[PDB]
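Pasting final17.pdb here (PDB, C-alpha atoms):
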```pdb
ATOM      1  CA  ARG A  24     -91.649 102.018  34.713
ATOM      2  CA  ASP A  25     -91.447  99.385  37.382
ATOM      3  CA  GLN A  26     -89.313 101.204  39.921
ATOM      4  CA  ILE A  27     -90.593 103.793  42.384
ATOM      5  CA  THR A  28     -88.930 107.210  42.076
ATOM      6  CA  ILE A  29     -88.442 109.388  45.179
ATOM      7  CA  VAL A  30     -86.868 112.845  45.389
ATOM      8  CA  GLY A  31     -86.625 115.575  47.990
ATOM      9  CA  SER A  32     -85.478 116.207  51.559
ATOM     10  CA  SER A  33     -81.947 115.239  52.587
ATOM     11  CA  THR A  34     -83.265 115.096  56.156
ATOM     12  CA  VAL A  35     -85.791 112.395  55.203
ATOM     13  CA  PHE A  36     -83.400 110.679  52.707
ATOM     14  CA  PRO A  37     -81.700 108.274  55.191
ATOM     15  CA  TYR A  38     -85.093 107.124  56.447
ATOM     16  CA  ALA A  39     -86.714 106.552  53.065
ATOM     17  CA  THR A  40     -83.511 104.762  52.019
ATOM     18  CA  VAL A  41     -83.832 102.172  54.813
ATOM     19  CA  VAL A  42     -87.516 101.645  54.006
ATOM     20  CA  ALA A  43     -86.617 101.251  50.327
ATOM     21  CA  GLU A  44     -83.832  98.749  51.054
ATOM     22  CA  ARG A  45     -86.205  96.551  53.064
ATOM     23  CA  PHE A  46     -88.948  96.969  50.456
ATOM     24  CA  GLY A  47     -86.616  95.733  47.713
ATOM     25  CA  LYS A  48     -86.585  92.290  49.386
ATOM     26  CA  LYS A  49     -90.409  91.885  49.373
ATOM     27  CA  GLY A  50     -91.159  91.170  45.725
ATOM     28  CA  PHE A  51     -90.678  94.653  44.282
ATOM     29  CA  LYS A  52     -87.536  96.376  42.994
ATOM     30  CA  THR A  53     -85.645  98.714  45.337
ATOM     31  CA  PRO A  54     -87.034 102.255  44.828
ATOM     32  CA  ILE A  55     -84.787 104.975  43.420
ATOM     33  CA  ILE A  56     -84.176 107.837  45.857
ATOM     34  CA  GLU A  57     -82.451 111.166  45.251
ATOM     35  CA  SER A  58     -81.442 113.654  47.950
ATOM     36  CA  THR A  59     -82.408 116.881  46.253
ATOM     37  CA  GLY A  60     -83.630 119.054  49.010
ATOM     38  CA  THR A  61     -87.268 119.710  49.933
ATOM     39  CA  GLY A  62     -87.679 122.670  47.557
ATOM     40  CA  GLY A  63     -85.804 121.048  44.721
ATOM     41  CA  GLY A  64     -87.851 117.889  45.169
ATOM     42  CA  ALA A  65     -91.137 119.769  45.181
ATOM     43  CA  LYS A  66     -90.248 121.456  41.928
ATOM     44  CA  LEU A  67     -89.440 118.142  40.314
ATOM     45  CA  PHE A  68     -92.526 116.350  41.737
ATOM     46  CA  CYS A  69     -94.748 119.190  40.585
ATOM     47  CA  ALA A  70     -93.283 119.422  37.068
ATOM     48  CA  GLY A  71     -95.981 117.139  35.645
ATOM     49  CA  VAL A  72     -98.290 114.203  36.206
ATOM     50  CA  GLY A  73     -96.619 111.761  33.923
ATOM     51  CA  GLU A  74     -94.586 108.720  34.787
ATOM     52  CA  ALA A  75     -91.438 110.602  33.737
ATOM     53  CA  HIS A  76     -91.895 112.601  36.944
ATOM     54  CA  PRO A  77     -91.314 111.515  40.563
ATOM     55  CA  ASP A  78     -93.817 109.382  42.450
ATOM     56  CA  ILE A  79     -92.834 110.805  45.858
ATOM     57  CA  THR A  80     -91.067 113.874  47.214
ATOM     58  CA  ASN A  81     -89.686 113.872  50.763
ATOM     59  CA  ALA A  82     -90.035 117.096  52.716
ATOM     60  CA  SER A  83     -88.638 118.461  55.988
ATOM     61  CA  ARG A  84     -91.362 121.131  56.098
ATOM     62  CA  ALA A  85     -94.948 121.155  54.826
ATOM     63  CA  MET A  86     -95.529 121.698  51.123
ATOM     64  CA  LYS A  87     -95.743 125.424  50.344
ATOM     65  CA  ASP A  88     -98.658 127.264  48.752
ATOM     66  CA  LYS A  89     -96.450 128.191  45.798
ATOM     67  CA  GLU A  90     -95.610 124.494  45.380
ATOM     68  CA  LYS A  91     -99.219 123.317  45.567
ATOM     69  CA  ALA A  92    -100.005 125.974  42.970
ATOM     70  CA  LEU A  93     -97.335 124.656  40.573
ATOM     71  CA  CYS A  94     -98.586 121.080  40.996
ATOM     72  CA  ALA A  95    -102.140 122.145  40.348
ATOM     73  CA  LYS A  96    -101.059 124.019  37.260
ATOM     74  CA  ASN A  97     -99.293 120.928  35.943
ATOM     75  CA  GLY A  98    -102.349 118.805  36.736
ATOM     76  CA  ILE A  99    -101.408 117.331  40.108
ATOM     77  CA  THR A 100    -104.180 117.989  42.610
ATOM     78  CA  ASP A 101    -104.308 114.551  44.154
ATOM     79  CA  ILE A 102    -101.505 114.478  46.659
ATOM     80  CA  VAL A 103    -101.316 112.451  49.801
ATOM     81  CA  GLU A 104     -99.366 113.917  52.661
ATOM     82  CA  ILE A 105     -97.732 111.422  54.996
ATOM     83  CA  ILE A 106     -96.227 112.552  58.328
ATOM     84  CA  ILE A 107     -93.569 109.988  59.255
ATOM     85  CA  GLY A 108     -92.222 111.404  62.520
ATOM     86  CA  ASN A 109     -90.135 114.281  63.830
ATOM     87  CA  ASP A 110     -86.688 115.843  63.492
ATOM     88  CA  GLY A 111     -84.693 118.227  65.623
ATOM     89  CA  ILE A 112     -82.492 120.626  63.687
ATOM     90  CA  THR A 113     -79.137 120.266  65.409
ATOM     91  CA  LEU A 114     -76.517 123.012  65.464
ATOM     92  CA  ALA A 115     -73.460 120.786  65.751
ATOM     93  CA  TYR A 116     -69.743 121.479  66.155
ATOM     94  CA  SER A 117     -66.508 119.758  67.123
ATOM     95  CA  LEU A 118     -66.282 117.795  70.376
ATOM     96  CA  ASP A 119     -62.975 119.589  71.007
ATOM     97  CA  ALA A 120     -64.841 122.798  71.863
ATOM     98  CA  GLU A 121     -66.749 123.695  75.034
ATOM     99  CA  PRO A 122     -70.493 123.150  75.487
ATOM    100  CA  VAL A 123     -72.496 126.274  74.697
ATOM    101  CA  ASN A 124     -76.089 127.528  74.831
ATOM    102  CA  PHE A 125     -77.541 130.019  72.347
ATOM    103  CA  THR A 126     -80.983 131.598  72.632
ATOM    104  CA  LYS A 127     -82.998 132.065  69.497
ATOM    105  CA  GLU A 128     -82.177 135.789  69.568
ATOM    106  CA  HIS A 129     -78.464 135.045  69.832
ATOM    107  CA  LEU A 130     -78.757 132.892  66.718
ATOM    108  CA  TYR A 131     -80.768 135.512  64.868
ATOM    109  CA  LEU A 132     -78.262 138.284  65.691
ATOM    110  CA  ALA A 133     -75.269 136.246  64.490
ATOM    111  CA  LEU A 134     -76.867 135.127  61.273
ATOM    112  CA  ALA A 135     -78.923 138.075  60.234
ATOM    113  CA  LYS A 136     -78.367 140.214  57.243
ATOM    114  CA  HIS A 137     -78.682 143.316  59.438
ATOM    115  CA  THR A 138     -77.954 144.726  62.865
ATOM    116  CA  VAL A 139     -80.051 147.558  64.249
ATOM    117  CA  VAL A 140     -77.581 150.391  64.951
ATOM    118  CA  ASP A 141     -78.836 153.798  66.109
ATOM    119  CA  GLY A 142     -82.390 153.048  64.986
ATOM    120  CA  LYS A 143     -81.306 151.976  61.491
ATOM    121  CA  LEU A 144     -80.773 148.691  59.673
ATOM    122  CA  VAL A 145     -77.131 148.243  58.594
ATOM    123  CA  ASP A 146     -75.160 145.224  57.401
ATOM    124  CA  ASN A 147     -74.466 142.835  60.307
ATOM    125  CA  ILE A 148     -71.774 144.324  62.565
ATOM    126  CA  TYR A 149     -71.312 141.287  64.830
ATOM    127  CA  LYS A 150     -68.068 139.365  64.245
ATOM    128  CA  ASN A 151     -67.698 137.499  67.569
ATOM    129  CA  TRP A 152     -70.359 135.746  69.675
ATOM    130  CA  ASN A 153     -69.125 137.499  72.834
ATOM    131  CA  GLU A 154     -70.091 140.880  71.312
ATOM    132  CA  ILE A 155     -73.720 139.741  71.074
ATOM    133  CA  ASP A 156     -73.820 138.590  74.699
ATOM    134  CA  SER A 157     -70.915 138.786  77.140
ATOM    135  CA  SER A 158     -71.970 135.357  78.502
ATOM    136  CA  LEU A 159     -71.142 133.742  75.145
ATOM    137  CA  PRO A 160     -67.655 132.633  74.312
ATOM    138  CA  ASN A 161     -64.991 134.783  72.734
ATOM    139  CA  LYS A 162     -65.293 133.014  69.471
ATOM    140  CA  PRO A 163     -65.546 134.241  65.940
ATOM    141  CA  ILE A 164     -68.836 133.723  64.194
ATOM    142  CA  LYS A 165     -68.470 130.980  61.589
ATOM    143  CA  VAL A 166     -71.608 129.160  60.545
ATOM    144  CA  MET A 167     -72.328 126.899  57.625
ATOM    145  CA  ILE A 168     -75.975 127.394  56.696
ATOM    146  CA  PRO A 169     -78.197 125.025  54.770
ATOM    147  CA  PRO A 170     -78.992 125.507  51.086
ATOM    148  CA  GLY A 171     -81.406 128.290  50.196
ATOM    149  CA  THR A 172     -84.111 126.029  48.864
ATOM    150  CA  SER A 173     -83.737 123.362  51.568
ATOM    151  CA  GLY A 174     -86.509 122.557  53.981
ATOM    152  CA  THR A 175     -83.968 122.926  56.791
ATOM    153  CA  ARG A 176     -83.388 126.531  55.727
ATOM    154  CA  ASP A 177     -87.156 127.138  55.649
ATOM    155  CA  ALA A 178     -87.689 125.603  59.083
ATOM    156  CA  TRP A 179     -84.750 127.478  60.619
ATOM    157  CA  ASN A 180     -86.150 130.697  59.122
ATOM    158  CA  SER A 181     -89.541 129.962  60.694
ATOM    159  CA  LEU A 182     -88.511 128.461  64.040
ATOM    160  CA  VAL A 183     -85.337 130.439  64.770
ATOM    161  CA  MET A 184     -84.973 133.546  62.572
ATOM    162  CA  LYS A 185     -88.595 134.724  62.789
ATOM    163  CA  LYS A 186     -88.771 134.058  66.495
ATOM    164  CA  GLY A 187     -85.332 135.285  67.413
ATOM    165  CA  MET A 188     -85.909 138.466  65.501
ATOM    166  CA  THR A 189     -86.000 141.460  67.735
ATOM    167  CA  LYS A 190     -88.983 143.761  68.088
ATOM    168  CA  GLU A 191     -86.795 146.656  66.917
ATOM    169  CA  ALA A 192     -85.660 144.892  63.763
ATOM    170  CA  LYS A 193     -89.190 143.702  62.979
ATOM    171  CA  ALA A 194     -90.451 147.272  63.055
ATOM    172  CA  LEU A 195     -87.684 148.553  60.737
ATOM    173  CA  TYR A 196     -88.291 145.746  58.230
ATOM    174  CA  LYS A 197     -92.066 146.332  58.386
ATOM    175  CA  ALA A 198     -91.570 150.042  57.731
ATOM    176  CA  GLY A 199     -89.120 149.370  54.887
ATOM    177  CA  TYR A 200     -91.626 146.918  53.404
ATOM    178  CA  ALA A 201     -94.522 149.374  53.734
ATOM    179  CA  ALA A 202     -92.274 151.930  52.002
ATOM    180  CA  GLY A 203     -91.856 149.536  49.085
ATOM    181  CA  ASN A 204     -89.129 146.950  49.733
ATOM    182  CA  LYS A 205     -90.797 143.637  48.809
ATOM    183  CA  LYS A 206     -87.854 141.631  50.167
ATOM    184  CA  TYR A 207     -88.665 143.010  53.626
ATOM    185  CA  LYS A 208     -92.102 141.378  53.840
ATOM    186  CA  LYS A 209     -90.507 138.140  55.038
ATOM    187  CA  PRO A 210     -87.281 139.413  56.617
ATOM    188  CA  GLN A 211     -86.556 136.151  58.475
ATOM    189  CA  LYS A 212     -85.179 134.904  55.136
ATOM    190  CA  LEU A 213     -82.290 137.396  55.137
ATOM    191  CA  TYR A 214     -78.801 136.209  56.138
ATOM    192  CA  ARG A 215     -75.494 138.052  56.281
ATOM    193  CA  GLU A 216     -73.534 137.663  53.048
ATOM    194  CA  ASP A 217     -70.106 138.699  54.358
ATOM    195  CA  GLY A 218     -68.756 135.131  54.593
ATOM    196  CA  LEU A 219     -69.652 134.443  58.235
ATOM    197  CA  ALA A 220     -72.865 132.562  57.298
ATOM    198  CA  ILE A 221     -71.589 130.637  54.274
ATOM    199  CA  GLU A 222     -74.052 128.459  52.311
ATOM    200  CA  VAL A 223     -73.174 124.735  52.479
ATOM    201  CA  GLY A 224     -74.122 123.056  49.273
ATOM    202  CA  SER A 228     -69.826 114.047  55.065
ATOM    203  CA  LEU A 229     -67.546 116.964  54.435
ATOM    204  CA  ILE A 230     -69.582 119.241  56.712
ATOM    205  CA  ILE A 231     -68.372 117.041  59.552
ATOM    206  CA  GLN A 232     -64.840 117.299  58.259
ATOM    207  CA  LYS A 233     -64.980 121.074  57.983
ATOM    208  CA  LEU A 234     -66.328 121.235  61.545
ATOM    209  CA  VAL A 235     -63.481 119.006  62.741
ATOM    210  CA  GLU A 236     -61.007 121.279  60.932
ATOM    211  CA  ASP A 237     -62.322 124.414  62.670
ATOM    212  CA  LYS A 238     -63.672 123.847  66.156
ATOM    213  CA  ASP A 239     -65.093 127.356  66.256
ATOM    214  CA  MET A 240     -67.383 126.596  63.297
ATOM    215  CA  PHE A 241     -70.973 125.471  63.622
ATOM    216  CA  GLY A 242     -73.151 123.550  61.216
ATOM    217  CA  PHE A 243     -76.674 122.247  60.653
ATOM    218  CA  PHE A 244     -77.693 118.647  60.951
ATOM    219  CA  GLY A 245     -80.821 116.615  60.880
ATOM    220  CA  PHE A 246     -80.852 114.621  64.129
ATOM    221  CA  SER A 247     -80.041 111.243  62.532
ATOM    222  CA  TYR A 248     -76.904 112.696  60.992
ATOM    223  CA  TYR A 249     -75.810 114.231  64.317
ATOM    224  CA  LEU A 250     -76.350 110.978  66.196
ATOM    225  CA  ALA A 251     -74.201 109.108  63.681
ATOM    226  CA  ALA A 252     -71.500 111.714  64.201
ATOM    227  CA  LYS A 253     -71.474 111.905  68.008
ATOM    228  CA  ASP A 254     -67.974 110.393  68.095
ATOM    229  CA  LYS A 255     -66.847 113.668  66.478
ATOM    230  CA  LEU A 256     -69.528 116.316  67.160
ATOM    231  CA  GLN A 257     -71.620 117.800  69.944
ATOM    232  CA  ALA A 258     -74.778 119.922  69.846
ATOM    233  CA  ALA A 259     -75.186 123.513  70.944
ATOM    234  CA  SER A 260     -77.946 123.948  73.433
ATOM    235  CA  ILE A 261     -80.727 126.127  72.041
ATOM    236  CA  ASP A 262     -82.961 127.988  74.521
ATOM    237  CA  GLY A 263     -81.355 125.840  77.227
ATOM    238  CA  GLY A 264     -82.153 122.534  75.614
ATOM    239  CA  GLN A 265     -80.316 119.769  73.867
ATOM    240  CA  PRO A 266     -81.774 117.763  71.055
ATOM    241  CA  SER A 267     -82.961 114.338  72.231
ATOM    242  CA  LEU A 268     -85.563 111.734  71.476
ATOM    243  CA  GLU A 269     -87.584 112.959  74.419
ATOM    244  CA  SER A 270     -87.205 116.688  73.861
ATOM    245  CA  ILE A 271     -87.917 116.393  70.140
ATOM    246  CA  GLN A 272     -90.886 114.078  70.751
ATOM    247  CA  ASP A 273     -92.706 116.394  73.176
ATOM    248  CA  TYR A 274     -91.473 119.489  71.270
ATOM    249  CA  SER A 275     -89.760 121.019  74.282
ATOM    250  CA  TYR A 276     -86.724 121.180  71.982
ATOM    251  CA  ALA A 277     -86.897 124.574  70.350
ATOM    252  CA  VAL A 278     -86.190 123.360  66.857
ATOM    253  CA  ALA A 279     -88.319 120.224  66.799
ATOM    254  CA  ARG A 280     -90.121 119.784  63.488
ATOM    255  CA  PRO A 281     -92.215 117.218  61.580
ATOM    256  CA  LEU A 282     -91.012 115.230  58.564
ATOM    257  CA  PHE A 283     -93.189 114.380  55.555
ATOM    258  CA  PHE A 284     -93.396 112.823  52.174
ATOM    259  CA  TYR A 285     -95.945 113.488  49.444
ATOM    260  CA  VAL A 286     -97.438 110.837  47.168
ATOM    261  CA  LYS A 287     -98.677 111.500  43.654
ATOM    262  CA  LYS A 288    -101.968 109.574  43.739
ATOM    263  CA  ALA A 289    -102.237 109.485  39.978
ATOM    264  CA  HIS A 290     -99.230 107.173  39.932
ATOM    265  CA  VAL A 291    -100.958 104.585  42.125
ATOM    266  CA  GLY A 292    -102.183 101.967  39.682
ATOM    267  CA  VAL A 293     -99.481 102.981  37.174
ATOM    268  CA  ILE A 294     -96.205 102.325  39.041
ATOM    269  CA  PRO A 295     -96.223  98.832  40.608
ATOM    270  CA  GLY A 296     -95.668  98.705  44.357
ATOM    271  CA  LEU A 297     -96.189 102.432  45.002
ATOM    272  CA  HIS A 298     -99.155 101.979  47.402
ATOM    273  CA  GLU A 299     -97.517  98.971  48.958
ATOM    274  CA  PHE A 300     -94.405 101.058  49.639
ATOM    275  CA  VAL A 301     -96.490 103.738  51.381
ATOM    276  CA  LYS A 302     -98.193 101.193  53.614
ATOM    277  CA  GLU A 303     -94.832  99.682  54.449
ATOM    278  CA  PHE A 304     -93.430 103.079  55.451
ATOM    279  CA  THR A 305     -96.496 103.785  57.591
ATOM    280  CA  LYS A 306     -96.450 100.520  59.538
ATOM    281  CA  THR A 307     -96.069 100.786  63.309
ATOM    282  CA  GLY A 308     -93.000  98.549  63.075
ATOM    283  CA  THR A 309     -91.464 101.071  60.665
ATOM    284  CA  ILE A 310     -92.249 104.565  62.011
ATOM    285  CA  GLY A 311     -93.633 103.778  65.462
ATOM    286  CA  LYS A 312     -91.916 103.479  68.790
ATOM    287  CA  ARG A 313     -89.054 100.977  68.587
ATOM    288  CA  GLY A 314     -89.615 100.789  64.831
ATOM    289  CA  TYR A 315     -86.607 100.219  62.633
ATOM    290  CA  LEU A 316     -86.515 103.889  61.654
ATOM    291  CA  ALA A 317     -86.425 104.902  65.320
ATOM    292  CA  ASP A 318     -83.337 102.706  65.633
ATOM    293  CA  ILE A 319     -81.476 105.070  63.278
ATOM    294  CA  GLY A 320     -82.732 108.331  64.817
ATOM    295  CA  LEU A 321     -86.336 108.994  63.694
ATOM    296  CA  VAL A 322     -88.309 110.507  66.578
ATOM    297  CA  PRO A 323     -91.752 108.859  66.299
ATOM    298  CA  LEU A 324     -94.985 110.777  66.545
ATOM    299  CA  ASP A 325     -96.223 111.031  70.113
ATOM    300  CA  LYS A 326     -99.363 108.926  70.487
ATOM    301  CA  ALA A 327    -100.318 109.900  74.067
TER     302      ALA A 327
END
```
How does the structure come out when it is put into structure tokens?
Amino acid sequence: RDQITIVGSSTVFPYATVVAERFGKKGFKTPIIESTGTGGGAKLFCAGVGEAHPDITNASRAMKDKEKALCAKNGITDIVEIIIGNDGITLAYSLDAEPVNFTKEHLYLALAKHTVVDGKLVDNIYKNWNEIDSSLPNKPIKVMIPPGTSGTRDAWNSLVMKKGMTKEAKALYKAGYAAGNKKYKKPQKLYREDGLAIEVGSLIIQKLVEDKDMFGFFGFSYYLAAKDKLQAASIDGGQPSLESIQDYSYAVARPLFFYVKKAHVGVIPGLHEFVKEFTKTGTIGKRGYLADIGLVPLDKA
């Protein structure tokens, strides 16, 4: 094989694509890149050490212990982690609607599998944002959530669900878990399944345009490209921006990664050279060509 193979995060995908396109003009073939999702990419990367398996998986959250364990089992223990920059998960919606600010708790309450009612966990009873907080708009809850195995789902679970989770809910889940419910050990993973938090799967933008009350998830680069049609909800009083993502004042700032199968260096031509190209200051630094399309570079202060 003489072409580099890259799988993984859809958040990282547009960035790795630009690097690949430039790379293809420097005496190597243009790498092959698939947008498979962080978790789907990790599974593929970790399937085996042979050339039939991907050289690189992109990730919008760190590799998980379960994933490292699979890799190890299939003989991949030499993995290089590269942090390319940052993302801000953006909760976008149609420009035709009013600006809005949701706290992390607001978001948790709307999306959660359960509402605490009379000291008991029951299926989510919130149908309108204004029920959760009278300061929120009278607007039905309609959210398109990322895929279950996506890194964006994982990061939202960690940064929003876990943190927005109420003390009261936490205690009920902990007690249910202690009493034997294994699914309640990590309750931040649990979303309502009554159609108000529908799993997603270009057309997200279209669906948001079609229903101004609907909200959706976007990696920052995708939101920026769509600003002619979409705006961002404030989260904890803050909008996503280069500055707020870079200093992590933005509440859903997050790092972006890719992982390199070291064994394939020296087997697949250009693999190391591609990594060095991606890691150049002119690529991922301030004013680099990835910053020009929305990558928030690592703060170097």
Point out the residue among A:218, A:281, A:62, A:171 with the least atom-to-atom distance to residue 88 of chain A, counting only C-alpha atoms.
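When distances to residue 88 of chain A are compared using only C-alpha atoms, the smallest one comes from A:62.
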Point out the residue among A:47, A:34, A:159, A:293 with the least atom-to-atom distance to residue 72 of chain A, counting all atoms listed in the file.
A:293
From A:116, A:38, A:283, A:214, residue lying nearest residue 236 of chain A [all atoms listed in the file]
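Answer, going by the shortest atom-to-atom distance: A:116.
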From the list A:99, A:192, A:294, A:65, which residue is nearest residue 173 of chain A when using only C-alpha atoms?
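That would be A:65, the residue with the smallest distance to residue 173 of chain A.
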Taking into account all atoms listed in the file, which residue in the set A:191, A:298, A:319, A:28 is nearest to residue 103 of chain A?
A:298
List as a PyMOL selection string the protein and nucleic acid residues near residue 112 of chain A, meaning an atom at most 7 Å away when only C-alpha atoms are counted, but skip any in the same chain fewer than 6 places from it.
chain A and resi 243-246+278-279
Just checking: using all atoms listed in the file, which residue out of A:33, A:275, A:117, A:228 ends up closest to residue 256 of chain A?
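Smallest separation from residue 256 of chain A among the options: A:117.
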For residue 74 of chain A, please output as a PyMOL selection string all residues within 12 Å (counting all atoms listed in the file; exclusion window: fewer than 5 positions along the same chain).
chain A and resi 24-28+68-69+79+287-295
For segment 122-129 of chain A, list every protein, DNA or RNA residue within 7 Å, evaluated using all atoms listed in the file, and leave out those in the same chain fewer than 5 positions away; present the list as a list in words.
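So the residues in contact are residues 155, 183, 186, 187, 188, 259, 260, 261, 262 and 263 of chain A.
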Would you output that residue set with C-alpha atoms, as a JSON list (two decimals), keeping the file's coordinate frame?
```json
[["chain", "number", "residue", "atom", "x", "y", "z"],
["A", 155, "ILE", "CA", -73.72, 139.74, 71.07],
["A", 183, "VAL", "CA", -85.34, 130.44, 64.77],
["A", 186, "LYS", "CA", -88.77, 134.06, 66.50],
["A", 187, "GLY", "CA", -85.33, 135.28, 67.41],
["A", 188, "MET", "CA", -85.91, 138.47, 65.50],
["A", 259, "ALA", "CA", -75.19, 123.51, 70.94],
["A", 260, "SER", "CA", -77.95, 123.95, 73.43],
["A", 261, "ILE", "CA", -80.73, 126.13, 72.04],
["A", 262, "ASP", "CA", -82.96, 127.99, 74.52],
["A", 263, "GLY", "CA", -81.36, 125.84, 77.23]]
```
Can you turn the PyMOL selection byres ((chain A and resi 107) around 12) into a concrete residue list for this file, as number ranges by chain?
A: 34-35, 38-39, 42, 81-84, 104-106, 108-110, 280-285, 301-307, 309-312, 314, 316-317, 321-325
Is it possible to get the residues within 10 Å of (-72.6, 133.6, 70.0) (coordinates as in the file, counting all atoms listed in the file) written as a PyMOL selection string?
chain A and resi 123-126+128-134+149-165
Translate the PyMOL selection byres ((chain A and resi 119) around 9), as applied to the file shown, into an explicit residue set as a PDB file with C-alpha atoms, keeping the file's coordinate frame.
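Output below, filename selection_0.pdb:
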```
ATOM      1  CA  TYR A 116     -69.743 121.479  66.155  1.00  0.00           C
ATOM      2  CA  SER A 117     -66.508 119.758  67.123  1.00  0.00           C
ATOM      3  CA  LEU A 118     -66.282 117.795  70.376  1.00  0.00           C
ATOM      4  CA  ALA A 120     -64.841 122.798  71.863  1.00  0.00           C
ATOM      5  CA  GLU A 121     -66.749 123.695  75.034  1.00  0.00           C
ATOM      6  CA  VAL A 235     -63.481 119.006  62.741  1.00  0.00           C
ATOM      7  CA  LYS A 238     -63.672 123.847  66.156  1.00  0.00           C
ATOM      8  CA  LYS A 255     -66.847 113.668  66.478  1.00  0.00           C
ATOM      9  CA  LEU A 256     -69.528 116.316  67.160  1.00  0.00           C
ATOM     10  CA  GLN A 257     -71.620 117.800  69.944  1.00  0.00           C
TER      11      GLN A 257
END
```
Residues at most 12 Å from residue 96 of chain A, counting only C-alpha atoms, excluding those fewer than 3 positions away in the same chain, as a count of residues only?
11
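Coordinates place atom CA of residue 77 of chain A at a distance of 5.8 Å from atom CA of residue 29 of chain A.
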Run the PyMOL selection byres ((chain A and resi 57) around 9) mentally over the shown coordinates, then write out the matched residues as a VMD selection string, using the chain letters and numbers from the document.
chain A and resid 28 to 33 36 55 to 56 58 to 60 64
